[PDB]
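Just one chain is shown here, as structure tokens, and it is the form deposited without Optactamide (43Z).
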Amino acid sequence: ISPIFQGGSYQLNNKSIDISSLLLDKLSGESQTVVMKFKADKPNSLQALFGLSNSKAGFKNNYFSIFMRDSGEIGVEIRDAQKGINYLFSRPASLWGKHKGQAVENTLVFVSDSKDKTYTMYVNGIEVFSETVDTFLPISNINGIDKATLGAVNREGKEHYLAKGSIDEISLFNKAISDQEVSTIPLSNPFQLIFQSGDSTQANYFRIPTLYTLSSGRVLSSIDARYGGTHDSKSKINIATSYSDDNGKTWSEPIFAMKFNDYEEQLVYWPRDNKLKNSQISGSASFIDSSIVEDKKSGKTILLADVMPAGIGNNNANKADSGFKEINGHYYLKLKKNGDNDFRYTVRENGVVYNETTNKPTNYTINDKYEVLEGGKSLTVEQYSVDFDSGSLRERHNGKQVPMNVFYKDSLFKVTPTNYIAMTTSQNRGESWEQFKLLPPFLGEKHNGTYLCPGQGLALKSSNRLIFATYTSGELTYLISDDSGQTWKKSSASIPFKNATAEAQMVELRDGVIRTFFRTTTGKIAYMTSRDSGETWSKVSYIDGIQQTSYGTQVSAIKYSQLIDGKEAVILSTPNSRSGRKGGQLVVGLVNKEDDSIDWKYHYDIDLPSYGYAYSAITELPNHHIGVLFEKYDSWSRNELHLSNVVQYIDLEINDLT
């Protein structure tokens, strides 16, 4: 099934190219496919790559175009004034610009299908929109079309949306090629996907990537599998993991490290229109923000994450309560029974539910999976599913029973509606994970729980010490274990910020010397240092030479194993921008032995300064390359919510960075 037109090596230098004679008489029938391989490493603010237009006076709104923005957004317009049709379909963050200094060849496939009345856009093997309409407009059927154009749209005789870039290949087909045929078109991607829409997680969205290189050489990744769009909360989120045994070349089908069953794992297309985009799965328990470390001694992998019950709500839930009760220097999980107005129960020794009014135990116990048992018998609740069939989000029982968990909305016994920290382990390097256990309160019975810093924990090289960074108001709270994560203690480190999202990651500069880099509210990345393996912490300093936004973004960090320019090296991954989450960089710092100060000497731009880059994970691969898994979009922006397959992985060598 051949192209009706095929052309290549077009240079778009703010001057459109007329291909009308070559293409227009070839166009026929009402279904078309455009395949285009193009580069744009210096795009204009808004530019059309391809246009079919009525160029005549008075018909300026009769055209089809494929356009892009310098934010990385791709879209089409399909307009006919006589038909009263003005379609615009687009998706932010769909493009690559540059990789290792070279312009990326993006592969774009646009399918206009008259039979299904559907327009579908793929970029780099990723479907970025699929839109069905009541009234279909074939792109060839726009009234009075007389121009086919590359690198602009001809309107009333003038070049609109002038492009800068190149089209190394463009093909057109008088057919809507199938999704399968699309999948056979060769790609030139600079990235790969570890987690993706339609995989075993069945989440359509992903956020908060982590990466960690295990001692066997296996590289492990964890991530938020996010079901209700990309929202933090309220939502349904599980923690998924995947691993690579060949230095990041291929990755295992994901499994769950932490999951709840009160709501079905559904692949859902979350609305992106302004009226509905803030719809939230509101009755589901959820995890969020994971962190990984490996323990030399037991050989176990440890994964922590925040846990939230279904009853959680932002503010007034639950600052001023840890969710635990202290009774004799020991902490016990509090529980409220269906119909009580306060928390009159605790989960004492061996999950026995006690009544704190009468100190009498009950016939109810809580098992290992935080599930409710009555007289030894497994209680259940009915699962929920969500849908937008009514034109707004509904959450409804689906007929399926699942074990009753104290984190669920429908549970007989409920935990305090606050945030907790959970821990699970794997003894097979990520092939399976245990049931999670809740960590105890660290800042007291009355303090709500600290917030886990997503990314990596720190395994000190010269001892058995494990450290996970967490944050809360006014300090970082480091969690320290010297016994394979069986027992934890805290080390508080004051920071000059109140209610900051002080996401912190650590590197060991040398034996027992830890530097922690963290997110602040000042527009600069901060850091502090410990010289006694985390017991005590220095005052806070800031990095100059890198800019963040006022609200800041997570920073990932590693100690590189090899010397660079003869010096110890640390590599930071972060957006470099004071406007938004974009301009991703790896910044290579060299340590000064005189004082452990760091000279930030090399900045590697991940992609264009204007292209999205948010939360990130980096790890030194066993072959000394650098693996980077990152949110390739602006995960703060209210315009880039609910995008699929934007968390992407790349492989880099140190020479690429210098």
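Definition used throughout: the rigid core is the maximal C-alpha set that superposes within 1.5 Å between two forms. One rule holds for the numbers: they count along the sequence shown, beginning at 1.
After a core fit, the C-alpha atoms in 6 other deposited structures of this protein lie farther on average from the shown form in one of 226 to 234 and 111 to 119, namely 226 to 234. Stretch comparison, 371 to 379 versus 313 to 321: after rigid core superposition, larger RMS CA deviation in 6 other deposited structures of this protein is found for 313 to 321. Between the stretches 552 to 560 and 410 to 418, it is 410 to 418 that shows the larger average CA temperature factor.
The stretch 338 to 346 shows the higher mean C-alpha B-factor when 166 to 174 is compared against 338 to 346 in the entry.
Among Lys524, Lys369, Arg581, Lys100, the highest C-alpha B-factor in the deposited entry belongs to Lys369.
Annotation for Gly198, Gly217, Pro92, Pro496: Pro496 ranks highest, by Cα B-factor. Ranked within its chain, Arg207 lands in the lowest third, by CA B factor from the PDB record.
Residue-level temperature factors show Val35 in the lowest third of its chain, judged at the C-alpha atom. In the deposited entry, the Cα temperature factor of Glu475 sits in the middle third of values across the chain's modelled residues. When the modelled residues of the chain are ordered by their C-alpha B factor, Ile598 lands in the highest third. Sort the chain's modelled residues by C-alpha temperature factor and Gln180 lands in the highest third, per the entry.
Keep in mind the form deposited with Optactamide (43Z) bound is missing from the figure; the text below concerns it.
For this chain, the superposed copy of Optactamide (43Z), brought over from its placement in the deposited bound form, stays clear of the backbone and C-beta atoms by more than 2.4 Å at every atom, so the pocket is open. Partner contact region in the deposited bound form: 620 to 628, out of 26 to 34, 592 to 600, 620 to 628, 45 to 53, criterion any non-hydrogen atom within 4.5 Å of Optactamide (43Z). In the deposited bound form, Optactamide (43Z) lies farther than 4.5 Å from every heavy atom of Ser426. In the deposited bound form, Optactamide (43Z) lies farther than 4.5 Å from every heavy atom of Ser462. Mapping the unseen interface onto this chain, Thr213 counts among the residues with a heavy atom inside 4.5 Å of Optactamide (43Z) in the deposited bound form. Contact annotation for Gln456: at least one heavy atom lies within 4.5 Å of Optactamide (43Z) in the deposited bound form. Site annotation in the deposited bound form: the residue of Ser561, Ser183, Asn278, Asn143 reaching within 4.5 Å of Optactamide (43Z) with a heavy atom is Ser561.
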